[PDB]
Amino acid sequence: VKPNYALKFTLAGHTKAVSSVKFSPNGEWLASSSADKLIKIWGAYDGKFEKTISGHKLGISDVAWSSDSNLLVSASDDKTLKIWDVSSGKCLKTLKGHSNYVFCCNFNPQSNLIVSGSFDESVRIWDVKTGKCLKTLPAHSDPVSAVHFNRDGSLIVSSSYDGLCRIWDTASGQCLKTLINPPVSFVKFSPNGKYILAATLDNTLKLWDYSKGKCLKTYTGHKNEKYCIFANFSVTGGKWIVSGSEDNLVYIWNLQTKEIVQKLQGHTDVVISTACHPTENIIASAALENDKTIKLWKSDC
Ligand SMILES: Cc1cccc(C(=O)Nc2cc(-c3cccc4c3OCC4)ccc2N2CCN(C)CC2)c1
């Protein structure tokens, strides 16, 4: 009926705002990115600091893991993405092509491709092996806030400040659907691929059937009017929607009822990123520059 997330660890180390936290697909690790130009790796279960990965010339808005947990990709203000070998910390490839800040990134499930979104209003699809840009999609008419592949890699969803969500055929780069005006600050596919979860900067999360163009659920109560705040489907226990908020709380809703089921308190700045562990009822959350910490929370359901 309600989860009971409680604070377990606070992970300090970043020297500026933390932008993104992601659990490795194997459940072992948490990666974080920061305005401090660094990626840090932490133990998912005990929060123990593992390593710092460096090389970007400016702050990093996003990081993402390959399916085998061996590679990371990062999106930076230095206009590049970088592919990293996690074990060695080495930069394998620098992905060059965007003409302004890179804000978001993801591997496809296959992990042979990376998708990126930029201030430059494009979505780019990159070859992991070669580091070359395969396609440049003229995706939006304002900054791209989020990019995500569906569970089989066949589709990409993008969101933008232009107020649109768009679904793209990965293979061809063709736009299959435009969902249509407040800025769209976050989007991702549901695990079953049928729905998209989208955040808009009028303090609203919406669950959409994008084929029909029908809004199924609306989640409100949190504050989201300024920052591109990451949200999640929590699926390991109860079926929840999880998001950060500009009031320094993590919000958790019941997906079906739309009721707030828990608010997690502890952060001292905007919670810009949340992540849900792949197998356990564990949440990671990260905050902006008044705080600079990552917190790990555990629930019994
Ligand atoms: C290095 C760093 C540290 C802390 C927060 C940020 C930030 O907020 N990112 C950002 C910014 C924008 C954005 C949108 C429109 C216009 C501008 C922007 O930045 C400068 C000018 C969009 C998305 C994003 N992100 C947020 C984190 N998320 C995991 C991916 C995307 C970045």
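Rules and cut-offs
Residues numbered from 1 in each chain as written, not as in the entry; some residues may be left out. Heavy atoms only, no water. Residues with missing side-chain atoms left out of burial classes, pairs and counts. Pairing = 2+ DSSP bridges. Helix = DSSP H or I, 4+ residues; strand = E, 2+ residues; numbered from the N terminus. Core = buried A, V, L, I, M, F, W, Y, C linked by side-chain atoms within 4.5 Å. Buried < 20%, exposed > 50% of the residue type's maximum accessible area, 1.4 Å probe, protein only. Contact = heavy atoms within 4.5 Å. Near = heavy atom within 4 Å. Nonpolar A, V, L, I, M, F, W, Y, C, P; charged D, E, K, R; others polar. Polar contact = N/O pair within 3.5 Å; in protein donor to acceptor, adjacent residues only side chain to side chain.

Draft legend 1. Geometry of the pairing of strand β28 (residues 294–298). Pairing of strand β1 (residues 6–11) with β28, which is carried by 5 bridges, proceeds in the antiparallel orientation. Within β28, the residue paired with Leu7 across the bridge is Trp297. Bridge count between strand β27 (residues 282–287) and β28: 5 bridges; the pairing is antiparallel. Bridge pairing links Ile283 to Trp297 in β28. Linking β27 to β28, which pair antiparallel, is a turn of 6 residues; within it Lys292 sits at a positive phi near 65°.

Draft legend 2. Examining the nonpolar core more closely. Counting residues in hydrophobic clusters, the biggest one holds 27 residues, and the most contacted among them are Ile196, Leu197, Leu205, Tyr219 and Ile241. At the level of secondary structure, the elements contributing two or more residues to this core comprise β15 (155–160), β16 (165–169), β18 (184–189), β19 (196–200), β20 (204–209), β22 (231–234) and β24 (250–254). Here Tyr219 is in contact with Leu197, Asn203, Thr204, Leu205, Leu207, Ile241, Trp253, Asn254, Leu255 and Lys258, once residues within four sequence places are set aside.

Draft legend 3. Structural context of the site of the ligand. Neighbouring the ligand are 16 residues, the closest being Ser19, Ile60, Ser61, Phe103 and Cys228. At the level of elements, β2 (18–23) and β6 (60–65) are the ones that each hand at least two residues to the shell around the ligand. Tallying contributions element by element places β6 first for the shell around the ligand, with 3 residues. A breakdown of the residues in the shell around the ligand according to their chemical character gives 10 nonpolar, 5 polar and 1 charged.

Draft legend 4. Molecular detail of the environment of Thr80. Along the polypeptide, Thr80 turns up in the loop between β7 (71–76) and β8 (81–85). In this structure, the C-alpha to C-alpha distance between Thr80 and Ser24, residues 56 residues apart in sequence, is 22 Å. Setting aside residues no more than four positions away along its own chain, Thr80 makes contact with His56, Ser74, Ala75, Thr94, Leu95, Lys96 and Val102. Of the polar contacts made by the side chain of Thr80, one reaches the side chain of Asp78; its length is 2.7 Å.

Draft legend 5. View of the pairing of β22. Alternating positions in β22 separate into two faces, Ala231 and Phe233 on one and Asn232 and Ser234 on the other, with burial throughout. Taken together, β22 and the strand that follows it, strand β23 (residues 240–243), pair antiparallel across an intervening segment of 5 residues.

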